[PDB]
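Report on the structure
Here is how the chains run, residue by residue.
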Amino acid sequence: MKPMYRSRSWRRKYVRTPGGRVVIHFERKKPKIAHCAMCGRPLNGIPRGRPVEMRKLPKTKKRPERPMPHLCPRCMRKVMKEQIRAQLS
Amino acid sequence: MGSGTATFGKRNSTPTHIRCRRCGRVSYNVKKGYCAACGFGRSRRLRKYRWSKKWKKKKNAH
Amino acid sequence: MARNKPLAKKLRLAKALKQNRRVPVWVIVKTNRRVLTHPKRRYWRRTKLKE
Amino acid sequence: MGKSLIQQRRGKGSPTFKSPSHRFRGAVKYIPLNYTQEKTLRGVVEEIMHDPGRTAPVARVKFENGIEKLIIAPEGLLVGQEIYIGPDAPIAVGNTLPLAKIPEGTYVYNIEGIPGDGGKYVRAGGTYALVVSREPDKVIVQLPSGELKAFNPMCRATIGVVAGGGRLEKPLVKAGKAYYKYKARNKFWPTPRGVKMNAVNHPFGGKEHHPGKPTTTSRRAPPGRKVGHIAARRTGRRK
Amino acid sequence: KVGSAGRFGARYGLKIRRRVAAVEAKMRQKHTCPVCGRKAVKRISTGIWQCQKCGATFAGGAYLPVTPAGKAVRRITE
RNA sequence: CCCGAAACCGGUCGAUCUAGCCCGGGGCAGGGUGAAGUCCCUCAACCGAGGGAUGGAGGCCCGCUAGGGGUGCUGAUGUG
RNA sequence: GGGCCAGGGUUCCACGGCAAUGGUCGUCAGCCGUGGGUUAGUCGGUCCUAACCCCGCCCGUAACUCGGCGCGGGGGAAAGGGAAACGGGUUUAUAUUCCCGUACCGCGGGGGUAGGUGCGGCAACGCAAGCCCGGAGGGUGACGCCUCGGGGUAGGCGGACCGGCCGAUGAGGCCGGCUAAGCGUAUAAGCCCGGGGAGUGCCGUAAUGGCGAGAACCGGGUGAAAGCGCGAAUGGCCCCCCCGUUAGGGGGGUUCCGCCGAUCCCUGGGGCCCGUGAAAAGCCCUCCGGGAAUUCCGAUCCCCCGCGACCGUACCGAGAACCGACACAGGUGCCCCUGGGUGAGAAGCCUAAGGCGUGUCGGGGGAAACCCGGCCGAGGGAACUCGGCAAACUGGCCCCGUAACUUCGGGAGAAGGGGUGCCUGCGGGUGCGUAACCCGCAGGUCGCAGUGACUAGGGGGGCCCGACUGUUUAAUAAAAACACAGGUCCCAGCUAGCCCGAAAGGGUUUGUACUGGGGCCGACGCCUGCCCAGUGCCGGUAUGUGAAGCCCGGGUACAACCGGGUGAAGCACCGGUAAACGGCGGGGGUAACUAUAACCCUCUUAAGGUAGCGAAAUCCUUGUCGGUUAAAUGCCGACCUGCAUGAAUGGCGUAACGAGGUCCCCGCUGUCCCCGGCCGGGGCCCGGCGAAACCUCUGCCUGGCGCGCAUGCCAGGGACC
RNA sequence: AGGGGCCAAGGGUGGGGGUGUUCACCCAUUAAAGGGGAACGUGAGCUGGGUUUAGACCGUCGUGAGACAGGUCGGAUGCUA
């Protein structure tokens, strides 16, 4: 296409027309692994997808059911222990 | 730079100078945003000078 | 791409193109020898421009 | 006569001699609008980063009034250490309190010179100031140069030492690796000598290797002629 | 005899590469976490050290986790 | 009488050449050598000794890869 | 050759031509004439913001069309970030856009139902999302370097089948056999979760290595690419048999099986570091919830109605559309870097798809001399020349073997010696079962030669310089110069020092003595003597001295004016200071003997050349001696009295390194003795095409003369164009 | 076999080693290995090492810039009669 250089948004799959023309297509970059951030671990039940694709996809992928889907269940495993200690005293 | 002038000259290719919104001469340098001839972008005023330049065309016009 | 003209620049290019005609023969009759040569004739290659 | 010199260019703030300020990291602020007295203030080390232009490691700190600011990192800090600011801060390492509140004979850094201006003193890798004597009038602190400056007792400072020591213990290795460091900082280089610079370029030294006039220069000497050993009291290593 | 000094080749001269071989060798050594105490700490970066086990990251010397200057601070007391 | 140059000065106009500085991108066949780091065997109480593996560093080598430079031929040209 | 960015700007495309233009003709064309063509919800612009910029305001300036800060706003990438689409068909020219098919963005409705504003599963977890204006917060957007391994498939090739073709014999070879974006349903190494419970402590990866903050080992969950189906019997390839001036067509059949080998692309580990490696628009979630809720509500679930503000799209993109005045052998970005054979190869050669024969003047002379490219030369082996310059030789690869020196890293691919083809038959490795490759072994055998071509280091030693790599006079000097790492001296407590600015103000500085500013020297190894007299710098200064001001005296009806004290920095003056600039000497006399003088006198001017090194990157001079050459104004080693060495205006020495200077040796060789022949392009002729430099004139030669270095004067001679 | 002198240019009068070298020094040969002139013959012929450009170093000199017929490496050779 109009991008020639193999830039980042540019990257390529070979595409065939049946015409046998064989033309280059750009591909969207492949997904970086969202983190817990409260302790650095890639998150189970958290998708990978392209940052555009997440707009037109489903939200189920985008979280787990437990509170703070952003952090890992074990890190939450800290946080509740703290919250109660906090209500108790 | 000195000789080997042929070997050198692949720029000019890029343009930095045009038909001006204000005057119409060939000097509205796209990069500065300044017209060399008229002074548009730089000044509210037209460029005119004792030497002149601008004046000379105008007298010549008369 | 294209490049990549601005709309106006195309208007200007179009004008220069217009200037790059050859007069018509009838004017010429009307004149009865005459202003000729049409003086502007601009060649794509030969000449530049303005832009 | 000759052109402006290598130093005179520097002063213009022209871009070969302009520090990057967009790859560089925060400055120290302690903030005195929540004052020292009537303290309210603890924070948590949010992360630790390297600051390029300080050539030292620096800490991001998340305060508990809701402001985020950098404080120059002490040695032996953990991420999730609590740093306190005030006088009623514990007397331990990385904690920040006034000089009066700090014991005598303890190592200290990041000392204020005007109360509440955020640290303008001892903010380099591995070096530290010593509190030699304290009197309610004035507290005298001994600086990295061996030299004693009197400061107000109501200056802030942090207990401990700076991190990033051994810094000049390791060498720079090669001209390549060095080139790499100077881009990270700002320091006009490769820097040649005036001695084989032409008479136009530089005040001393001609075509070939030998000095013009003496290297040693006045303290009333002109701009653009104040190069060499500047106002040297002595030179050499002998009687 | 050579350290990590083999990278240098013929070059840099004895003292620098000897220094380099020694300083890198000790830099390579397993270091005791200030946080835990197991021998987990490795160098991420210049002056930045991190313990694999506990995950603690802290500032230290460029080559070593602790410098002799840093060591002095502990000794004066809280 | 007329012409004739190197200047000097004043106000302006250039970093599409080029120099360095910065942002954000991209390019560079193939091959070699082989460091640290790590491992094992056999032989010795230890000290070590012999062998082999694994790993893979370099302002590194070879290289008419692309690309950059331009030493000699004082060659070819030298109103190209 | 294919697709494109900039840039060009109609050069594109058709018809009609050739006066001009095209390095020649021209019926051709990029020329001339005349008409025509670039169509976008889903490509990009436009949006964001970077480095950075401007504007108002504040302020400066005599002032501005000038100037830097601080506020506030706005702008900044047609290769950053970023919403969504492909295929086929059609046109003279355009097309992801027009058409056909299939797919889909944004916003705005509508109709249903989950939803008493979600139900259901111990749990690791299930989708038909989560009422709502508002603002808040939080992840992801989001970024340096290089290996290795894991996956994807573009795609190269053998076998088999189906047609087309070529074809001694009817074999073998060539060829067509395709599947899109969009969906639906599946991804799975990373990464969590239960069970279990680390016995000489076990286990793994290609590897480093994990573990009692959960092992070995079993079940789960969980997030890139990938497969199938839809898309799609179509469409698109490929044939066959009929209709014919023509047009418009018709009916058919094939359109396939594996297994095997790869760039890139995407995903984990890991190594690195005195570069620790922008933002935001947007999503996704969460906190609060202004209000509306049971006649209810809401639409992330379905399905369905409507719409798309604006600019761009041609062609070229190049050894003729760019730029160099020229259609210039120049030189400017990407992408195709994995076509086949070759072979380590994006190498060469040959060759495929594809392109061209307009790198645009032809023909003739077997073409003689001469000139450029290039081929070959006996014998001899640098005798040439400043100089082996040029050129030659070696040559790939495998094996053997490998010195001096050394910073132990290297030197080193030292050096030198051997081998290498085809065939026939085996073995090993990896795997799965005989694939795809790779590594060896034996026998037979041909040539002059087996890297036979192309590709493809000549080697060795001493010395000088500079550590190296890099850089340098873009364009007569690439070096010994420069940088350089390392070393040292110096200055400054940040309200600094230094530096810029007319000013306001500013750089360093998101900087704070492990800083950052300025010089000197220039890697390592060993060292760095001695002098503060002179110059310079620095600190200080009773005393003398030292301006204007003020004071006092005098003068003047006032004033000018005259005199003295008071007199700061500055000077005189004192000390320090040479890894500051710099200096670092002369005569005589003397020792068993002839030599010299270890020895002893003398004086300038601060000190008196020390460690070293030395006839030098030392005059005389080709010193002298020795090596080396038959023979060497050389080189090298030595002595050394150095015309006119010497320690950070660095001394000495130095491994490694060099398109550096000089010398020697071996091989080799047309450099030479001494030149020949050949080949191709010119030369030379013809045809067409067609300039320049420069221009008082011209058939002389020799002597004399003369501005003393004459074709022209003078005297002879030669003399047809 | 010489020394010294006359006639005589018809012919001959070399090759190498050092040097940028005309000169000169040496070697081995040779009959002999003569001298001088021709824009110190010969650059619209070559060569371009040296002299006397612009780079650089050392010594001396000079406060310094900077200099040197001192030493030294490198430094283009146009034209269609």
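Residues numbered from 1 in each chain as written, not as in the entry; some residues may be left out. Chains lettered and ligands numbered in written order. Part of a larger assembly, values for the part shown. Heavy atoms only, no water.

Deposited coordinates in this entry are attributed by the record to cryo-EM, at a stated resolution of 6.6 Å.

Condition: UniProt positions are given in the numbering used here, feature names are shortened, and annotations may be inferred rather than shown by experiment.
Recorded in the entry header as its title is "Promiscuous behavior of proteins in archaeal ribosomes revealed by cryo-EM: implications for evolution of eukaryotic ribosomes". Of chain E, the UniProt comment under Sequence similarities reads exactly: "Belongs to the eukaryotic ribosomal protein eL43 family. Putative zinc-binding subfamily."

Going by the annotation in the PDB entry, the name recorded for chain C is 50S ribosomal protein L39e, with Pyrococcus furiosus given as the source organism. According to the UniProt record, the Subunit comment for chain C is "Part of the 50S ribosomal subunit." Taken directly from UniProt, the Sequence similarities text for chain C runs: "Belongs to the eukaryotic ribosomal protein eL39 family."

**Some points on the interface of chain D and chain E**
As a reminder, the rule being used: Contact criterion: two residues are considered in contact whenever any of their non-hydrogen atoms come within 4.5 Å of each other. The quantity reported as buried area is the accessible area (1.4 Å probe) lost by two parts once they are put together, taken as the sum for both. Whenever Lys or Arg places a side-chain nitrogen within 4 Å of a carboxyl oxygen from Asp or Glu, that contact is recorded as a salt bridge. Whenever two N or O atoms come within 3.5 Å, that pair is a polar contact, provided that in protein one can donate a hydrogen and the other can accept it, and provided that, for residues adjacent in sequence, both atoms are side-chain atoms. Here a helix means four or more residues in a row that DSSP labels H or I, a strand means two or more in a row labelled E, and each is numbered from the N terminus. The classification used treats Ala, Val, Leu, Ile, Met, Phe, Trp, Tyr, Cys and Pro as nonpolar, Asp, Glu, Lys and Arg as charged, and all other residues, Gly among them, as polar.
With 31 residues of chain D at the interface, the matching set in chain E holds 27 residues. For the pair chain D and chain E, the summed buried surface comes to about 2300 Å²; carbon and sulfur atoms form 65% of the total. Summed over the three residues of chain D that lose the most area to chain E, namely D:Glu75, D:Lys170 and D:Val173, the buried surface amounts to 24% of that side. At the boundary of chain D and chain E, one finds 1 salt bridge. Between E:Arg74 and D:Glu75 there is a salt bridge; the shortest N-O distance is 3.7 Å. The interface formed by chain D and chain E includes 3 residue pairs in polar contact. Tallying contributions element by element places strand 1 (residues 41–51) of chain D first for the side of chain D that touches chain E, with 3 residues. Grouping the amino acids of the side of chain D that touches chain E by side-chain chemistry returns 17 nonpolar, 9 polar and 5 charged.

**Let's talk about the protein's contact with RNA strand G**
For the record, the criterion: Throughout this document, a residue counts as near a molecule or strand when at least one of its heavy atoms sits within 4 Å of that molecule or strand.
Contacts to RNA strand G come from 195 residues, most closely from A:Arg48, A:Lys59, B:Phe8, C:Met1 and C:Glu51. Taking all atoms of RNA strand G within 4 Å of the protein, the share assigned to sugar and phosphate is 71%. Between a phosphate oxygen of RNA strand G and a side-chain N or O atom of D:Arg123, the distance comes to 3.0 Å. Contacts to RNA strand G include D:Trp189, whose side-chain N or O atom sits 3.1 Å from a phosphate oxygen. Among the elements that make up the surface near RNA strand G, the one with the highest residue count is helix 1 (residues 14–28) of chain E (6 residues). Its residues assigned to classes, the surface near RNA strand G shows 67 nonpolar, 56 polar and 72 charged.

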